[PDB]
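Written out below as structure tokens is the structure these notes cover.
Quick note: numbers below take in every heavy atom, side chains included, and nothing from hydrogens, waters or symmetry partners. For this chain, numbers begin at 1 and follow the sequence in order.
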Amino acid sequence: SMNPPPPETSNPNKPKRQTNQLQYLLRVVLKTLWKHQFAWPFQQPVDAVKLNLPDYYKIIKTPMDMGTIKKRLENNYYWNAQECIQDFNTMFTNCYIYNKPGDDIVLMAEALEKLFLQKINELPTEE
Ligand SMILES: COC(=O)C[C@@H]1N=C(c2ccc(Cl)cc2)c2c(sc(C)c2C)-n2c(C)nnc21
């Protein structure tokens, strides 16, 4: 069994910038979710080998995790807030696509996703 390579977190070909909205995504949004008691499954890519999930990367073709998002934000990988918000959404959606309603991991993602929506609701206007 093998895991795919993780999503990239550095690419000199990719346009990027800092924006006050990206700063909020790191300092408020990512920091809030990262410290949550249910963050830990989401702090790195799914290890389909150790977890014995050989079908994971057949069903989830756009993997994403908060370890990758945190690196992307600390490395200033994004051009805009929407790119980063779409990474969070891909992470939650992947969890709901692979798992069953009411599974623990789905309750975990729902708790993180509730906080994420409450914080993104107050994304600042772009300076
Ligand atoms: C049988 O299905 C699973 O094991 C799916 C797996 N559940 C789990 C999981 C995580 C937490 C609990 Cl309480 C139960 C299952 C999982 C991860 S990553 C990781 C380190 C684990 C242990 N996960 C994510 C993220 N998305 N799906 C999963």
Side-chain angles (χ1 to χ4, degrees), residues 1-81 83-99 101-127:
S1 298
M2 280 184 299
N3 291 311
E8 63 177 35
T9 52
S10 279
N11 180 357
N13 291 320
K14 184 186 175 302
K16 65 256 296 175
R17 61 182 180 158
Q18 247 294 56
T19 77
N20 64 317
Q21 297 188 321
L22 285 163
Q23 289 176 324
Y24 178 95
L25 280 156
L26 179 58
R27 287 161 180 251
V28 174
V29 181
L30 180 61
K31 184 192 310 159
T32 292
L33 271 62
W34 189 271
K35 72 188 184 187
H36 190 282
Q37 60 174 354
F38 290 159
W40 61 270
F42 306 95
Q43 285 176 333
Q44 59 285 310
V46 168
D47 181 347
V49 174
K50 291 291 199 192
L51 296 175
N52 188 31
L53 306 173
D55 63 351
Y56 186 90
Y57 290 114
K58 298 303 173 185
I59 293 158
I60 298 310
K61 294 166 184 273
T62 306
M64 188 49 57
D65 65 281
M66 297 200 294
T68 300
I69 293 167
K70 180 175 195 282
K71 289 171 199 165
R72 285 182 175 193
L73 284 165
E74 291 171 340
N75 294 353
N76 309 305
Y77 175 88
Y78 293 116
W79 182 263
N80 64 30
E83 292 181 340
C84 175
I85 290 168
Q86 178 53 248
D87 284 344
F88 280 105
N89 281 321
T90 293
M91 178 184 80
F92 294 127
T93 295
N94 289 343
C95 186
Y96 305 141
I97 286 173
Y98 183 73
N99 297 284
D103 282 352
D104 285 336
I105 186 60
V106 166
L107 296 179
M108 296 168 88
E110 289 174 344
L112 296 171
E113 189 179 18
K114 179 176 173 160
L115 285 177
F116 170 75
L117 286 164
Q118 283 173 333
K119 298 303 178 187
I120 288 294
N121 182 63
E122 296 185 66
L123 190 70
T125 64
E126 175 159 33
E127 264 170 14

Are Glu122 and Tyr24 close enough that a side-chain donor and a side-chain acceptor fall under 3.5 Å? no
Of all heavy-atom pairs between [X] and [Y], which one has the smallest distance, and what is that distance?
X      : Y     : value
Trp34  : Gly67 : CZ3-N, 3.8 Å
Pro7   : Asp65 : CD-OD1, 4.4 Å
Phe88  : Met66 : CE2-SD, 4.1 Å
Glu126 : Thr19 : OE2-CG2, 3.5 Å
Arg17  : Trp79 : NE-O, 2.8 Å
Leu123 : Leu25 : CD1-CG, 4.3 Å

Linking I/L/V/M/F/W/Y whenever any side-chain heavy atoms sit under 4.5 Å apart, do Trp40 and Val29 land together?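 Linked within one cluster.
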Are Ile59 and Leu51 grouped together when hydrophobic residues (ILVMFWY) are joined by side-chain heavy atoms under 4.5 angstrom apart?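 Yes, it is one cluster - the side chains of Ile59 and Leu51 are joined through contacts under 4.5 Å.
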Once you round to the nearest 0.5 Å, how far does [atom1] of [X] lie from [atom2] of [Y]?
X      : Y      : atom1 : atom2 : value
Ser10  : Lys16  : OG    : NZ    : 7.0 Å
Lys119 : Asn121 : NZ    : CG    : 10.5 Å
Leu115 : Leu33  : CG    : CG    : 6.0 Å
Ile120 : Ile85  : CD1   : CD1   : 4.0 Å
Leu22  : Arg27  : CG    : CZ    : 12.0 Å
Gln18  : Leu26  : CD    : CG    : 8.0 Å

Using atom types as modelled and distance alone, determine if a side-chain donor or acceptor of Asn11 lies under 3.5 Å from a backbone N or O of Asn13.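 Flag set: sc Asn11 to bb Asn13 pair under 3.5 Å.
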Are side-chain heavy atoms of [X] and [Y] found at a separation under 4.5 Å?
X     : Y      : answer
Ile69 : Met64  : yes
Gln86 : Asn89  : yes
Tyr57 : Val46  : yes
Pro41 : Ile105 : yes
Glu8  : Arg72  : yes
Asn52 : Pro54  : yes

With side-chain contact (heavy atoms from CB on, under 4.5 Å) as the test, would you mind laying out the steps for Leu53 and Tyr98 before giving the verdict? CA-CA 10 Å; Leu53 306 173; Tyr98 183 73; 3.7 Å; yes
Run the side-chain hydrogen bond (donor to acceptor under 3.5 Å, both in side chains) check on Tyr77 and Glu83 step by step: do they pass? CA-CA 10 Å; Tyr77 175 88; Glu83 292 181 340; over 6 Å; no
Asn94 vs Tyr56, side-chain contact (heavy atoms from CB on, under 4.5 Å): CA-CA, chis, key distance, verdict: CA-CA 10 Å; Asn94 289 343; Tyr56 186 90; 4.1 Å; yes
Is the ring pair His36/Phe38 parallel, tilted or perpendicular, if the boundaries are 30 and 60 degrees?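 Taking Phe38 first and then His36, their aromatic rings sit tilted (interplane angle of 30° to 60°).
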Steps toward side-chain contact (heavy atoms from CB on, under 4.5 Å) verdict (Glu113, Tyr96): CA-CA 11 Å; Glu113 189 179 18; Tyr96 305 141; 2.7 Å; yes
